[PDB]
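Here the structure is laid out as structure tokens; the discussion comes afterwards.
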Amino acid sequence: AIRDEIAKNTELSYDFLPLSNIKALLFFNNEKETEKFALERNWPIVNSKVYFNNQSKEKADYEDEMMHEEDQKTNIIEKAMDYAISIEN
Amino acid sequence: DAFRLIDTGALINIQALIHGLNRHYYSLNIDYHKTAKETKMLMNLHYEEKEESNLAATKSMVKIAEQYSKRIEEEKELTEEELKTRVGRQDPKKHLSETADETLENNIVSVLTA
């Protein structure tokens, strides 16, 4: 529970980290200990190094139709403001 | 107008004819009718819309400067207007909206294109 944070923290802190350092951060002895996690984490990993090529979850389905609808929102917003023009009654 | 100056009696007007000497403007009551048919063909006035509309007047940005400046100018007019608050029209809180409200919409319609 500690390290998962650190995992994200490393994630954050490090795109790339030596599979050493992360383990060193994980207080692990085997890095395969680490390696599991990171790959459980599904972390890009080459030799000796945990990577984060994508440190985050970007995209992934929901949180849509709002907050990045370009005109849509805007148009909705238009539509809205037009309802601020329309509900104006 | 249309005159025809005399009656049968009237809607039955009556007297001046039999009393002779009928003269006046004496309009008739006009009307007319057509149809919803030509009405369309009429209101057809203003391929078409798509070619005619959105997209056909999406030209705005050409004027953004003005579109700004127009909006820009609104500002000044108002500090002015509001000020007088300190009588009759020109009133401190009048042209304000009618001014900053005319550049609001015309500026939103362009968003439809983008």
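The chains in the structure tokens are called A, B, ... from first to last as shown; in each chain the residues are counted from 1, and the ligands are counted from 1 in the order shown.
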*Output the contact residues of chain A with respect to chain B at a cut-off of 9 Å, based on only C-alpha atoms, as JSON, numbers by chain.*
{"A": [70, 71, 72, 74, 75, 78, 82]}
So that I have them on file, write out the residues from the current selection with N, CA and C atoms, as a PDB file, in the first residue's frame.
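Saved to result19.pdb:
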```
ATOM      1  N   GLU A  70     -15.811  20.437 -28.296  1.00  0.00           N
ATOM      2  CA  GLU A  70     -15.159  21.647 -28.760  1.00  0.00           C
ATOM      3  C   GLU A  70     -16.197  22.726 -28.996  1.00  0.00           C
ATOM      4  N   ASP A  71     -16.914  22.632 -30.094  1.00  0.00           N
ATOM      5  CA  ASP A  71     -18.119  23.402 -30.215  1.00  0.00           C
ATOM      6  C   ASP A  71     -19.265  22.720 -29.509  1.00  0.00           C
ATOM      7  N   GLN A  72     -19.295  21.398 -29.476  1.00  0.00           N
ATOM      8  CA  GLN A  72     -20.427  20.683 -28.905  1.00  0.00           C
ATOM      9  C   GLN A  72     -20.825  21.296 -27.579  1.00  0.00           C
ATOM     10  N   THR A  74     -19.483  23.972 -26.386  1.00  0.00           N
ATOM     11  CA  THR A  74     -19.676  25.347 -26.803  1.00  0.00           C
ATOM     12  C   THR A  74     -21.053  25.516 -27.409  1.00  0.00           C
ATOM     13  N   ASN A  75     -21.414  24.629 -28.327  1.00  0.00           N
ATOM     14  CA  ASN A  75     -22.727  24.661 -28.939  1.00  0.00           C
ATOM     15  C   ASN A  75     -23.783  24.368 -27.904  1.00  0.00           C
ATOM     16  N   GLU A  78     -23.516  27.313 -26.298  1.00  0.00           N
ATOM     17  CA  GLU A  78     -24.338  28.127 -27.175  1.00  0.00           C
ATOM     18  C   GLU A  78     -25.772  27.803 -26.830  1.00  0.00           C
ATOM     19  N   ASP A  82     -27.843  30.112 -25.599  1.00  0.00           N
ATOM     20  CA  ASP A  82     -29.041  30.355 -26.375  1.00  0.00           C
ATOM     21  C   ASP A  82     -30.270  30.084 -25.544  1.00  0.00           C
TER      22      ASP A  82
END
```
*Contacts of region 18-34 of chain B at 7 Å or less, counting only C-alpha atoms, minus same-chain residues fewer than 4 places along, as a list in words?*
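In the requested format, the answer is residues 1, 2, 3, 4, 5, 6 and 14 of chain B.
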*Please provide the set of residues having any atom within 8 Å of region 63-70 of chain B, restricted to only C-alpha atoms, with same-chain residues fewer than 4 positions apart removed, written as JSON, numbers by chain.*
{"B": [74, 103, 107]}
*Give the helix (DSSP H, G or I) residues of chain A, as DSSP finds them on the backbone, and put them as a PyMOL selection string.*
chain A and resi 2-13+19-26+31-40+71-86
_Quick one: residues within 7 Å of residue 49 (chain A), only C-alpha atoms, excluding same-chain residues fewer than 3 positions away - as a PyMOL selection string?_
chain A and resi 16-19+45-46
Output for the residues just chosen: N, CA, C and O atoms as a JSON list (two decimals), in the first residue's frame:
```json
[["chain", "number", "residue", "atom", "x", "y", "z"],
["A", 16, "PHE", "N", 11.40, 6.91, -16.67],
["A", 16, "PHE", "CA", 12.28, 5.77, -16.63],
["A", 16, "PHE", "C", 12.93, 5.69, -15.27],
["A", 16, "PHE", "O", 13.28, 6.72, -14.68],
["A", 17, "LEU", "N", 13.07, 4.48, -14.76],
["A", 17, "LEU", "CA", 13.83, 4.40, -13.56],
["A", 17, "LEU", "C", 14.60, 3.10, -13.64],
["A", 17, "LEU", "O", 14.06, 2.11, -14.17],
["A", 18, "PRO", "N", 15.84, 3.05, -13.16],
["A", 18, "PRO", "CA", 16.50, 1.76, -13.02],
["A", 18, "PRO", "C", 15.64, 0.81, -12.21],
["A", 18, "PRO", "O", 15.13, 1.17, -11.15],
["A", 19, "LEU", "N", 15.47, -0.39, -12.75],
["A", 19, "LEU", "CA", 14.80, -1.44, -12.00],
["A", 19, "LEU", "C", 15.46, -1.61, -10.64],
["A", 19, "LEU", "O", 14.83, -2.08, -9.69],
["A", 45, "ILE", "N", 9.14, -1.73, -19.39],
["A", 45, "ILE", "CA", 10.36, -2.09, -18.70],
["A", 45, "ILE", "C", 11.30, -2.67, -19.73],
["A", 45, "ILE", "O", 10.94, -3.61, -20.45],
["A", 46, "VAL", "N", 12.50, -2.11, -19.82],
["A", 46, "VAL", "CA", 13.58, -2.81, -20.50],
["A", 46, "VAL", "C", 14.49, -3.33, -19.42],
["A", 46, "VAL", "O", 14.18, -3.24, -18.23]]
```
*Which value, in Å to one decimal, gives the distance between CA of residue 33 (chain A) and CA of residue 13 (chain A)?*
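It comes out at 20.4 Å.
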Within region 2-74 of chain A, find each residue whose DSSP state, derived from the backbone, is strand (DSSP E or B), and express the selection as a PDB file with N, CA, C and O atoms, in the first residue's frame.
```pdb
ATOM      1  N   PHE A  16      11.398   6.913 -16.667  1.00  0.00           N
ATOM      2  CA  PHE A  16      12.277   5.768 -16.628  1.00  0.00           C
ATOM      3  C   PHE A  16      12.930   5.694 -15.267  1.00  0.00           C
ATOM      4  O   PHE A  16      13.284   6.720 -14.682  1.00  0.00           O
ATOM      5  N   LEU A  17      13.070   4.481 -14.757  1.00  0.00           N
ATOM      6  CA  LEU A  17      13.832   4.400 -13.561  1.00  0.00           C
ATOM      7  C   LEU A  17      14.600   3.096 -13.639  1.00  0.00           C
ATOM      8  O   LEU A  17      14.061   2.112 -14.167  1.00  0.00           O
ATOM      9  N   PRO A  18      15.840   3.047 -13.156  1.00  0.00           N
ATOM     10  CA  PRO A  18      16.503   1.757 -13.019  1.00  0.00           C
ATOM     11  C   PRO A  18      15.639   0.815 -12.213  1.00  0.00           C
ATOM     12  O   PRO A  18      15.134   1.169 -11.149  1.00  0.00           O
ATOM     13  N   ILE A  45       9.135  -1.733 -19.386  1.00  0.00           N
ATOM     14  CA  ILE A  45      10.363  -2.088 -18.702  1.00  0.00           C
ATOM     15  C   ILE A  45      11.303  -2.667 -19.734  1.00  0.00           C
ATOM     16  O   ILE A  45      10.937  -3.606 -20.448  1.00  0.00           O
ATOM     17  N   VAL A  46      12.499  -2.112 -19.821  1.00  0.00           N
ATOM     18  CA  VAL A  46      13.576  -2.806 -20.501  1.00  0.00           C
ATOM     19  C   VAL A  46      14.493  -3.325 -19.420  1.00  0.00           C
ATOM     20  O   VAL A  46      14.184  -3.236 -18.227  1.00  0.00           O
ATOM     21  N   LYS A  49      15.684  -1.405 -15.984  1.00  0.00           N
ATOM     22  CA  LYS A  49      14.996  -0.138 -15.867  1.00  0.00           C
ATOM     23  C   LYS A  49      13.500  -0.313 -15.984  1.00  0.00           C
ATOM     24  O   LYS A  49      12.995  -0.800 -17.000  1.00  0.00           O
ATOM     25  N   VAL A  50      12.802   0.118 -14.941  1.00  0.00           N
ATOM     26  CA  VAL A  50      11.396   0.443 -15.066  1.00  0.00           C
ATOM     27  C   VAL A  50      11.236   1.679 -15.922  1.00  0.00           C
ATOM     28  O   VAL A  50      11.909   2.699 -15.715  1.00  0.00           O
ATOM     29  N   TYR A  51      10.319   1.610 -16.866  1.00  0.00           N
ATOM     30  CA  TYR A  51       9.971   2.785 -17.626  1.00  0.00           C
ATOM     31  C   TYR A  51       8.525   3.162 -17.402  1.00  0.00           C
ATOM     32  O   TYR A  51       7.698   2.369 -16.947  1.00  0.00           O
TER      33      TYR A  51
END
```
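Here CA of residue 15 (chain A) stands at a distance of 13.4 Å from CA of residue 41 (chain A).
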_Residue among B:104, B:42, B:96, B:61 lying closest to residue 83 (chain B), counting only C-alpha atoms_ = B:96
*Between CA of residue 92 (chain B) and CA of residue 80 (chain B), measure the distance and give it in Å to one decimal.*
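CA of residue 80 (chain B) lies 7.5 Å from CA of residue 92 (chain B).
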*Which neighbours of residue 20 (chain A) fall inside 10 Å, counting only C-alpha atoms, when residues of the same chain fewer than 6 positions from it are skipped, and could you give them as a list in words?*
residues 26, 27, 28, 29, 30, 31, 34, 48, 49 and 50 of chain A
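Near residue 77 (chain B), within 12 Å and counting only C-alpha atoms, sit residues 70, 71, 83, 84, 90, 91, 92, 93, 94, 95, 96, 97, 98, 99 and 100 of chain B; same-chain residues fewer than 6 positions away were not included.
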Next, write the just-selected residues to a file, as an mmCIF file, in the first residue's frame, keeping C-alpha atoms as the atom set.
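Result file out_36.cif:
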```cif
data_model
loop_
_atom_site.group_PDB
_atom_site.id
_atom_site.type_symbol
_atom_site.label_atom_id
_atom_site.label_comp_id
_atom_site.auth_asym_id
_atom_site.auth_seq_id
_atom_site.Cartn_x
_atom_site.Cartn_y
_atom_site.Cartn_z
ATOM 1 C CA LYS B 70 -16.874 46.439 -32.428
ATOM 2 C CA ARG B 71 -17.017 44.605 -29.113
ATOM 3 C CA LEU B 83 -21.703 57.122 -15.151
ATOM 4 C CA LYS B 84 -24.754 59.365 -15.539
ATOM 5 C CA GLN B 90 -29.556 57.840 -22.935
ATOM 6 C CA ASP B 91 -29.967 56.330 -19.445
ATOM 7 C CA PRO B 92 -26.918 54.935 -17.583
ATOM 8 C CA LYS B 93 -28.222 51.375 -17.828
ATOM 9 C CA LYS B 94 -29.832 51.129 -21.266
ATOM 10 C CA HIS B 95 -27.813 50.981 -24.486
ATOM 11 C CA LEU B 96 -25.425 48.938 -22.344
ATOM 12 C CA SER B 97 -27.068 45.576 -23.033
ATOM 13 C CA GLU B 98 -28.526 46.444 -26.438
ATOM 14 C CA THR B 99 -24.891 47.212 -27.254
ATOM 15 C CA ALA B 100 -22.934 44.423 -25.562
#
```
